[PDB]
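> Chains as they are written, first to last, in PDB author numbering: chain E, 1 to 21; chain F, 1 to 21; chain A, 1 to 162, 168 to 270, 274 to 518, 528 to 539, 549 to 658, 686 to 720, 758 to 910; chain B, 1 to 162, 168 to 270, 274 to 518, 528 to 539, 549 to 658, 686 to 720, 758 to 910; chain C, 2 to 28; chain D, 2 to 28.
Just so it is clear, CB atoms sit at the ideal spot from N, CA and C, and this is done for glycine as well.
What follows is a single structure, and I will ask about it in a moment.
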């Protein structure tokens, strides 16, 4: 899910549009 | 030595003459 | 009445209210409703929008960050039932981070069949404590309502009292109201769950929540068991089959659903046991023409292909995905970071699985007390192992006590090693029993099963210490127990004795004052107790202290808890002894039982003795000026203990080294008896007598009194009416030379004693003259003697003064002396 | 004098005294002497046997279970030196289980060069505490004298005092005596180790213990450094080589020993560095003709083939077997079950080894603080690994803090994994540094290095918290520190604040009152302290509380200990205020300093005021009868903390689950001032006058007084002797009708006031008549007036009564009245 | 700006990143 | 009689077993 990608790892800008329309 | 034979294991009669003349 | 309109299978609403308009045409939701992620909204966007048609939600309701919504009393004014067929993390109603909301307003919610309610992170939410959740949820202890405005602040909660019913929640009655204008509707105790009408009458037997007319199935708003053609039926009559546990449908509907799923992208429905279920259980298979699943001619289980072969179970909803499974083609990770026992639902959802193709791991399960919810777990193939080649991983379980009931439960592990760590309430005996039963005895290596962490907080010494001699005394108890010796007797470093007063028999195991007893010399070890409170029951048991051996079993020996009561003794002195006089012959004495009864106080002793009046007062000349007569820690850290372990181990090590090097293997007074009273009335008392009261609290009467010293107090009766009054006519004498000598009878029985007499003689027309007559003066002169009086007729008045005060005057007496 | 007779290489005596007669012909033992296992003996078997020739023992003396021996004063009356070249479990004198012995009797033992003394399990041994071991052993803390008659019982210890010198051991002086007739010989502090003669003169520099003639090398009984031809020398002159570190021998003796070992079954001696040593070190090899070991033309180390390839090191004697080794062809197990630091000798014996072919294991080493004694340890090949394929096993080391000094120490591990467990004072940072330096970073798997056991008792958060705002007040200190947030800010559960009074700056790390502070909301976190004692310095530091993560590094943050002192305030009231009036004009006032100085008491304030006499006493008629004038807390622990951890983790888990499910990735009065005094003398006081004293303890004088209320006490001065005496001649008046009116001047300045006057008139030959004159009587009648006196000559005497007491009579005054 | 996003901060980060188009959910 | 011999009990057991011949020690 999103939490293991962001809260544990380091989130860049690109993938956050994968959670948006 | 004698202690690992007797205090840890179980000592019977026979070997105790190995510690005697 | 019943449900009109569509059925609207569960939907999700996001990012705007444009799609929210599709809830107008249905009254029942056959799914879950989620309103969440609504940022660009204002409070004026919700007042005009309302959904009065909605009645009941099958799965759950979730609200998460919907800006502008202040109360649900407008959105859902007719929501009454949440079945909770499918939960959301073991919760049926979740309201999370719902900013800009002040009150719930769900004033028609009556029953939530399954699940709990979690309300969290609502800084503006009030009217929470004014809701009696016990009338809605079967188990209210499973709720979680924290971080709101009620505990952060003190926002007002104005429940209309002048009407809102009040029910005690912990120890006080508080009114119940959903909003400032809506009281929580409460039904009488006779109406268990069928609901009550406006006037307080139970509805139909198969009704729930609310009804229009009592005792009418067709006038209910929520069928308790099943719905069919506007009527609640206990079971669906043929040819109608139970569907979704809430309604009955015909064969055509189930067949249509099956065909729609088959001819498209699913829940390919079948029929079994007079129900239209998504899939029939193990041992059944659907036929071609009809949809019924006939029993199969072989053992075909319902395998459940777990995605990624590793499924984490942390909630009721996650466990429910394995409902009906018998063989798991993956791995299970049981991880409930909870605090409340979920074993009831977990055994219902799980426990029907027979084999696990992978590994079983239980990690950080705080609330678990046993793994018994795996009712039919037999085989763990372990074709896929945990990192490190493990097939059973138990770690950091704070309350795991028993793994299984080995009397009747069998287990088999094909491959993989074992692992156990930081299970403070799981003992090594259970682990070794599992090793023997499973068949993996010769498969574990060192440190795969820890020794200082498993059971380090549980007493499972599995060896009995038997007391041999116990004797009781006034405040000392002598203890003796049979000696115990481990195979290496130098390992026994002593005993620990735990004692604690036990008012009642049922006491826990593992306060608890500790005393250390040195090991005996090789005479039972024993120990004597000092400083005990008499007549008290104490709990005694002894647990051995032995040196750890890293290789083999640590060791074990302890004694069962025994109860000993010290005997009785003399009680304490009664407290607050006060004596009050209410009459000239009656005094009331009040006291309380002593603070140290030391048994049962059986009676009291009261002793009387009169204080004789001081002879000093009888022999004073009070006529002289100045006649103002009175108007009557824990063991020093760990270092300490450690140091003793280290010293003992060093001594043993030196002994072993010496033995290794040396030996070479060649090749009387008035009284009474009170009976269960704290006060007594006294009679037969002389007026103005100092009475010294000796009061005792005594707990043994016939076999000699065993009771302590007495309390002392003094009392004096009230003054009488005419005790000080002088009786007898006054006699006067006149000699040849005009000497006046008076005679008056004294008050023979006065208030204690008479201090003086006063004679007031006044000649007719003259002034009144006073003379003091003292006790010695009265004794010597036998009354009053006057010297040198002017001729005339005087008036003689006499009064007597006592310890009470001023006495009444005597009648006037007239005498005339000659003028010569 | 020096050593005569044979050399008798160390022997062992067992089972009888038949072979014990071989010690008669030698004075020095070049080895170890053991007297042990002697059961069939009686106390009469030792009196006739004595060995006065024995002087010193090179290695050690061991006595173990010799029956019948009651004192060694007969067996060894001349033993004075135990060199301790080879010890017995880091002990040079062992007396174990020596039944039937009462006293040592070794009254000539002066110096034990190397080792310690262990005396244990002697139920009858006395005269132990009467020995000053500090004069014999360089390090007395390494001794072990327990389980004897001195502590089990109270056996008498009669040291002859009338001669035995006394020296303080802890805080008191006690006489020193070996037996009831032998005092421990003590040398003056000038004689460090060379010993003293009978009269107390230092012996020769090369002397030790005892000597016959001071400053004479050839008249000594124990050479301190070396022995040669009856003379002690700094070093052996050529061609004599040092042998066995105690004597010098010629080339012939060393060659003979080498040949005897070569041509028989061993210590094949060689010669190196002007010494005859058993084997020359690495890089040298003995030649054919001569015995000298010349340097080798290559790197040839001294390999030490360890039997069974696994050697346990638990004592100095076990480590000494590796002396001079450089490459170990086996495995080492370091296991010192001690309590005393052996690093000093362990670094001398070990530390010269370069490579270890096997594994290195440190297990249950309580006393070890560092592994730095491996001075030149570089390579651990690990060709033979510990069970579980390990090459470095550290387990249950109670005080291991640092592994090596990584700034200058290199290490290399070829094969094998790592292991670390239950090292409470070894932190994960050191372990990871060792991983990086060694080169085994990608070789360990999970649980090989624990996280909850390594460093769990040491503060190594390796992150600094900085205070930003501290302000001090009367009893409140306001603290502020910069906020800290871990990567997952929900992990931060709050802060713990540790404060404690610190009288001096040097305070330890890790009393210590704890207060829990909630994390801030996302304004510095901060905290305010309540209930502080004014003028006190406190030690303050903050250490964070964060949730454990099992996978990666836990977390770390703490603040260095800071020191803040609260300011001063008003001090307390002085205690024990007592005033004594020694003289009629002098009063001494004594008091104690206040119990709460709240700073430095700088001065005192004393206030004076006179108490005016009561006007009631001036207006009383004391001549009336009745004239008796006065003659002036531990946290609920588990059942608490855990619960909070579990609740926080449950909240975080629900948040994570919700985020996972929701988001989808689409593809004025007199006074004075005292200066540092606790007493004051006061003069200028009216005689017999009561004063009210107002005393203050005040700590601020010039910048306004800041000091509390005053203590009140009353002091009355002594009365003068002649203050009550009546002054002035007595004047009498006789009227026509014989009326006597007396006139005497009153004592105008009396002791306070005069209550009455007495006139005593006696006619010549008659009796003395008394009359009382009161204050009002004197004011009205201007003295004494008498009515109706019989004619004659009377004598008038007058006295005045004051509050102090009775005044003296006046001179007689004679008056005569007419008889008509 | 690259850092760890957890808790409500993750929701805020997504809301700044997108929200003119709206979040996505499977049909 | 077969059991664990430790401490002084070992010495007593050896003395009971032998001691008329005496203990052994290498020359």
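Would residue 8 of chain C pass as an interface residue toward chain B - the criterion being a Cβ-Cβ separation below 8 Å?
Closer than 8 Å: yes.
> Give the interface partners of residue 14 of chain E over in chain B, defined as CB-CB distance under 8 Å, in chain order.
Simply none; closest approach about 12 Å.
> Under 8 Å: do the region 331-346 of chain B and the region 697-707 of chain A share three or more Cβ pairs, one atom per stretch?
Output reads yes: the region 697-707 of chain A touches the region 331-346 of chain B.
> Taking contact to mean 3 or more Cβ pairs, one atom from each stretch, closer than 8 Å, check whether the region 847-866 of chain A and the region 15-24 of chain B are in contact.
With the cut-off at 8 Å, the region 847-866 of chain A and the region 15-24 of chain B do not touch.
> Given that a residue counts as buried once 16 or more other Cβ atoms are within 10 Å of its Cβ, and exposed if not, what is residue 217 of chain A?
Burial call: exposed.
> Starting from the C-beta of residue 637 of chain B, find all residues in its chain whose C-beta is less than 8 Å away, skip the five residues before and the five after it, and write them out in chain order.
Answer for residue 637 of chain B: 779, 780, 781, 782, 804, listed in chain order.
> Just to confirm, is the Cβ distance from residue 605 of chain B to residue 808 of chain B under 8 Å?
Cβ distance not < 8 Å, so residue 605 of chain B and residue 808 of chain B don't count as in contact.
> Does DSSP put residue 897 of chain B in a helix, in a strand, or in coil?
Residue state, collapsed to three classes: coil.
> DSSP three-state label for residue 236 of chain B, please.
The answer is strand: DSSP assigns residue 236 of chain B an E or B state.
> Under a CB-based cut-off of 8 Å, is residue 578 of chain B close to chain C?
Not closer than 8 Å to any Cβ of chain C, the Cβ of residue 578 of chain B fails to qualify, so no.
> When DSSP builds the beta bridges, which residues end up paired with residue 303 of chain A?
Per DSSP, A/292.
> Cα separation between residue 482 of chain A and residue 19 of chain D?
Between residue 482 of chain A and residue 19 of chain D, the C-alpha separation is close to 54 Å.
> Please compile the residues from chain C whose C-beta is within a distance smaller than 8 Å of the C-beta of residue 708 of chain B.
Those are 8, listed as they occur along chain C.
> Under the assumption that residue 509 of chain B contacts residue 564 of chain B (Cβ atoms under 8 Å), give the Cβ distance between them as a whole number of angstroms.
So it is a contact: roughly 6 Å between Cβ atoms.
> Which runs of the alpha helix (DSSP H) at least 4 residues long sit entirely within the region 361-387 of chain A? Give them in chain order.
None, since the region 361-387 of chain A contains no complete alpha helix (DSSP H) of that length.
> Using a C-beta to C-beta distance shorter than 8 Å, which residues of chain C count as neighbours of residue 17 of chain E?
18, 19, listed in chain order.
> Which same chain residues end up closer than 7 Å to residue 583 of chain B when comparing Cβ atoms and leaving out the 5 residues on each side of it in sequence?
Counting only Cβ-Cβ distances below 7 Å, and skipping sequence neighbours, we find 469, 471, 473, 492, 570.
> Cα-Cα, which of A/394, A/56, A/238, A/657 is closest to residue 425 of chain A?
The shortest Cα separation from residue 425 of chain A among A/394, A/56, A/238, A/657 belongs to A/394.
> Please check the pair residue 241 of chain A and residue 259 of chain A, which I expect to be a contact at CB under 8 Å, by giving their CB distance rounded to whole angstroms.
With 8 Å as the limit, residue 241 of chain A and residue 259 of chain A do not qualify as a contact, their Cβ atoms being about 12 Å apart.
> Below 8 Å between beta carbons: does that hold for residue 336 of chain A and residue 364 of chain A?
Yes, Cβ-Cβ distance for residue 336 of chain A and residue 364 of chain A is below 8 Å.
> Along chain F, which residues have their Cβ under 7 Å away from the Cβ of residue 719 of chain A?
Correct list: 18.
> Identify the contact partners of residue 496 of chain B in chain C, using a Cβ-Cβ distance below 7 Å as the criterion.
What residue 496 of chain B touches in chain C: 5, 7.
> Could you name the residues of the region 19-44 of chain A whose beta carbon sits closer than 7 Å to any beta carbon of chain C, in the order they occur along the chain?
Residues 37, 39.
> Thinking residue 117 of chain A and residue 143 of chain A are a contact (beta carbons under 8 Å), I'd like their distance in whole angstroms, please.
Contact holds; Cβ gap of about 5 Å.
> Nearest to residue 557 of chain B by alpha carbon, out of B/378, B/530, B/537, B/534?
Closest option to residue 557 of chain B, Cα to Cα, is B/530.
> Using beta-carbon positions only, say whether residue 836 of chain A and residue 816 of chain A come within less than 8 Å of one another.
Cβ distance < 8 Å, so residue 836 of chain A and residue 816 of chain A count as in contact.
> Just verifying my parser: in three-state terms, what is the DSSP assignment at residue 777 of chain B?
Coil.
> So, does the CB of residue 12 of chain D fall closer than 8 Å to a CB anywhere in chain B?
So, interface residue.
> Determine the chain B residues that contact residue 7 of chain E at a beta-carbon separation under 7 Å, and present them in chain order.
Under the 7 Å cutoff, chain B gives 496.
> Should residue 399 of chain B be flagged as near chain A, meaning a C-beta pair shorter than 8 Å?
Chain A, which has no Cβ nearer than 8 Å to the Cβ of residue 399 of chain B, makes this no.
> Taking C-beta to C-beta, are residue 406 of chain A and residue 374 of chain A nearer than 8 Å?
Yes; because the gap between Cβ atoms is below 8 Å, this pair is in contact.
> DSSP on residue 16 of chain A, reduced to helix/strand/coil?
DSSP places residue 16 of chain A in coil when its eight states are reduced to three.
> May I ask you to list, following chain order, the residues of the region 49-72 of chain A that have a beta carbon less than 8 Å from some beta carbon of chain C?
Residues passing the 8 Å Cβ filter: 65.
> In the region 809-877 of chain A, which residue ranges form an unbroken alpha helix (DSSP H) of at least 4 residues, counting only runs that do not cross its ends?
For the region 809-877 of chain A, whole alpha helix (DSSP H) runs of length 4 or above, ordered along the chain, are 865-871.
> Below 8 Å on the Cβ atoms is my contact criterion, and I expect residue 6 of chain B with residue 43 of chain B to pass it. Report the Cβ-Cβ distance as a whole number of Å.
Incorrect: roughly 30 Å between the Cβ atoms, too far for contact.
> Can you tell me where the beta strand (DSSP E) with residue 763 of chain A in it begins and where it stops?
Its beta strand (DSSP E) spans residues 761-764.
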